[PDB]
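Chemist: Take a look at this one; I'll ask things after.
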2 protein chains.
Amino acid sequence: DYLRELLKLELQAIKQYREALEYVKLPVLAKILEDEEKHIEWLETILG
Amino acid sequence: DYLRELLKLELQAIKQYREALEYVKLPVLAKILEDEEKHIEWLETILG
Ligand SMILES: [Mn+2]
Ligand SMILES: [Mn+2]
Ligand SMILES: [Mn+2]
């Protein structure tokens, strides 16, 4: 369950960073989004 | 305000990931934690 909570937080965050990126095109937001996409891939892998 | 909000989501993730690491000790969690700490630094730069 702690694992599903983490995936929920990453999906939660990916949605907000996308909205931020839409509002202002600061490249560092895209860079963070690439990291978060990796985090989601890793948590999905831990969940099998 | 929207940036402060992303910063808070990173603080929340750092707390949860640290707790998860404390319990299952998977290396990949430590990698994610390193990234989130970087995200915090980047956002703090943008902010005050
Ligand atoms: Mn929003
Ligand atoms: Mn993350
Ligand atoms: Mn992050």
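By order in the structure tokens, chains are A, B, ...; within a chain, residues start at 1; ligands start at 1, following the order shown.
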Counting only C-alpha atoms, which residues in chain B sit no more than 9 Å from chain A? For each one, give the nearest pair of atoms and the distance in Å, sorted by chain then residue number, as JSON lines.
Modeler:
{"residue": "B:2", "atom": "CA", "partner": "A:20", "partner_atom": "CA", "distance": 7.2}
{"residue": "B:3", "atom": "CA", "partner": "A:20", "partner_atom": "CA", "distance": 7.9}
{"residue": "B:5", "atom": "CA", "partner": "A:16", "partner_atom": "CA", "distance": 8.9}
{"residue": "B:6", "atom": "CA", "partner": "A:17", "partner_atom": "CA", "distance": 7.3}
{"residue": "B:9", "atom": "CA", "partner": "A:13", "partner_atom": "CA", "distance": 7.0}
{"residue": "B:10", "atom": "CA", "partner": "A:13", "partner_atom": "CA", "distance": 8.6}
{"residue": "B:12", "atom": "CA", "partner": "A:9", "partner_atom": "CA", "distance": 8.8}
{"residue": "B:13", "atom": "CA", "partner": "A:9", "partner_atom": "CA", "distance": 7.3}
{"residue": "B:16", "atom": "CA", "partner": "A:6", "partner_atom": "CA", "distance": 7.4}
{"residue": "B:17", "atom": "CA", "partner": "A:6", "partner_atom": "CA", "distance": 7.7}
{"residue": "B:20", "atom": "CA", "partner": "A:2", "partner_atom": "CA", "distance": 7.2}
{"residue": "B:28", "atom": "CA", "partner": "A:42", "partner_atom": "CA", "distance": 7.6}
{"residue": "B:29", "atom": "CA", "partner": "A:42", "partner_atom": "CA", "distance": 8.7}
{"residue": "B:32", "atom": "CA", "partner": "A:39", "partner_atom": "CA", "distance": 6.4}
{"residue": "B:35", "atom": "CA", "partner": "A:35", "partner_atom": "CA", "distance": 7.2}
{"residue": "B:36", "atom": "CA", "partner": "A:35", "partner_atom": "CA", "distance": 8.8}
{"residue": "B:39", "atom": "CA", "partner": "A:32", "partner_atom": "CA", "distance": 6.7}
{"residue": "B:42", "atom": "CA", "partner": "A:28", "partner_atom": "CA", "distance": 7.8}
{"residue": "B:43", "atom": "CA", "partner": "A:28", "partner_atom": "CA", "distance": 8.9}
Chemist: A:48, A:21, A:11, A:27: which is nearest ligand 2, counting only C-alpha atoms and all ligand atoms?
Modeler: A:11
Chemist: Point out the residue among B:45, B:18, B:7, B:25 with the least atom-to-atom distance to ligand 3, counting only C-alpha atoms and all ligand atoms.
Modeler: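 For ligand 3, the nearest of the candidates is B:7.
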Chemist: In Å, with one decimal, what is the gap from atom 1 (Mn, counted along the ligand's line) of ligand 1 to atom CA of residue 37 of chain A?
Modeler: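 For atom 1 (Mn, counted along the ligand's line) of ligand 1 relative to atom CA of residue 37 of chain A, the distance reads 17.9 Å.
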Chemist: Which value, in Å to one decimal, gives the distance between atom CA of residue 15 of chain B and atom CA of residue 30 of chain A?
Modeler: 23.3 Å
Chemist: Would you compute the distance between atom CA of residue 22 of chain A and atom CA of residue 34 of chain B? Give it in Å to one decimal.
Modeler: 26.0 Å
